[PDB]
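The block underneath contains the structure these notes are about, expressed in structure tokens.
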Ligand SMILES: O=C(O)[C@H]1O[C@H](O[C@@H]2[C@H](O)[C@@H](O)[C@@H](O[C@@H]3[C@H](O)[C@@H](O)[C@@H](O)O[C@@H]3C(=O)O)O[C@@H]2C(=O)O)[C@H](O)[C@@H](O)[C@H]1O
Ligand SMILES: [Ca+2]
Ligand SMILES: [Ca+2]
Ligand SMILES: [Ca+2]
Ligand SMILES: [Ca+2]
């Protein structure tokens, strides 16, 4: 474990960090605290900490409270070793179509959803821990476009609502090495046959 070279620093920001297409923002272990961008409550008018344009990547940051509106992903994004110390309204939202992968890192203290999927996408969560959350993944309510979710080597503890919820019959969830402790229900999809192991 080579600790990142910005470890121990705290970057205080006052606007959304925009990562452009083809860029990788590498925080090298920096912790970010946002000011004037929200309080991390359930209010829907907060700003995202990061906006990842299509084809942009993000790695090696710790997002401190307040989590605001977390990370907005416009598709074809890799989000690697990001730690949400205290999720805000939500941790990450898929805002436009593409593949989005969350690999490594962890999330704690999500009052509602950790990941909100608001456009058709392929959404993978890999080597990830979350504790004290309402839901790990929510396809935006009452939408019927298709998402495909993969949960691979995911460990969850204290899930108040469910692991994942969608109102879309054509969406699917696939999981592989999923460990869940203390959860109300695992999956709230129209039918349980939308959920698969692999
Ligand atoms: O991208 C967003 O932040 C998203 O937030 C709202 O929607 C989510 C979710 O997609 C909705 O189904 C709805 O969730 C239900 C309740 O309102 C919520 O408080 C909780 O009890 O879970 C419910 C459920 O999962 O069905 O509201 C969610 C929310 O409050 O964050 C916005 O409505 C949506 O437009 C978008 O901004
Ligand atoms: Ca909410
Ligand atoms: Ca919301
Ligand atoms: Ca949100
Ligand atoms: Ca929180």
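Residue numbers (the entry's author numbering): -4 to 193.
We put the beta carbon where it would ideally sit given N, CA and C, even for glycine.
Taking the continuous beta strand (DSSP E) assigned at residue i, which residues delimit it?
| i | result |
| --- | --- |
| residue 16 | No beta strand (DSSP E) contains residue 16, which DSSP labels as neither H nor E. |
| residue 93 | 93 to 98 |
| residue 145 | 142 to 160 |
| residue 171 | 167 to 183 |
| residue 106 | 101 to 112 |
| residue 58 | 52 to 58 |
| residue 129 | 116 to 134 |
| residue 1 | Taken as a continuous stretch (DSSP letters only), residue 1 belongs to no beta strand (DSSP E), as it is neither H nor E. |
| residue 192 | 190 to 192 |
| residue 72 | 72 to 75 |
| residue 46 | 45 to 47 |
Could you please give me the residues that DSSP links to residue i through a beta bridge?
| i | result |
| --- | --- |
| residue 63 | Partner(s): none; residue 63 has no beta bridge. |
| residue -4 | Answer is none; residue -4 lacks a bridge partner. |
| residue 88 | 67 and 111 |
| residue 196 | Because the chain spans -4 through 193 in this model, residue 196 falls outside it and cannot be assessed. |
CB of residue i to nearest heavy atom of ligand 3: below 7 Å?
| i | result |
| --- | --- |
| residue 104 | no |
| residue 85 | yes |
| residue 39 | yes |
| residue 111 | yes |
Is it the case that the Cβ atoms of residue i and residue j are separated by a distance below 8 Å?
| i | j | result |
| --- | --- | --- |
| residue 94 | residue 120 | no |
| residue 46 | residue 9 | no |
| residue 42 | residue 21 | no |
| residue 198 | residue 127 | No information on residue 198 is available, as it lies outside the stretch -4 to 193 that the chain covers here. |
| residue 134 | residue 91 | no |
| residue 101 | residue 124 | yes |
| residue 48 | residue 15 | yes |
| residue 40 | residue 24 | no |
| residue 166 | residue 189 | yes |
| residue 163 | residue 138 | yes |
| residue 99 | residue 122 | yes |
| residue 136 | residue 156 | no |
Say yes only if the C-beta of residue i is nearer than 7 Å to one or more non-hydrogen atoms of ligand 1, and no if none qualify.
| i | result |
| --- | --- |
| residue 21 | no |
| residue 136 | yes |
| residue 46 | no |
| residue 160 | yes |
Cβ of residue i within 7 Å of any heavy atom in ligand 5?
| i | result |
| --- | --- |
| residue 81 | yes |
| residue 271 | No information on residue 271 is available, as it lies outside the stretch -4 to 193 that the chain covers here. |
| residue 62 | yes |
| residue 70 | no |
Using 7 Å as the cut-off, classify the Cβ of residue i as near or not near the heavy atoms of ligand 2, replying yes or no.
| i | result |
| --- | --- |
| residue 108 | yes |
What I want to know is whether the C-beta of residue i ends up closer than 7 Å to one or more non-hydrogen atoms of ligand 4.
| i | result |
| --- | --- |
| residue 11 | no |
| residue 196 | There is no way to answer for residue 196, as the model of the chain reaches only from -4 to 193. |
| residue 88 | yes |
Inset, instruction - Pair every Cβ in the stretch 29 to 38 with every Cβ in the stretch 46 to 57, then say whether three or more of these pairs are closer than 8 Å. - result: Here the stretch 29 to 38 makes no contact with the stretch 46 to 57; the two share fewer than three CB pairs at distances below 8 Å.
Inset, instruction - Decide yes or no for the touch test of the stretch 71 to 91 against the stretch 111 to 126: beta carbon pairs closer than 8 Å, at least 3 of them. - result: yes
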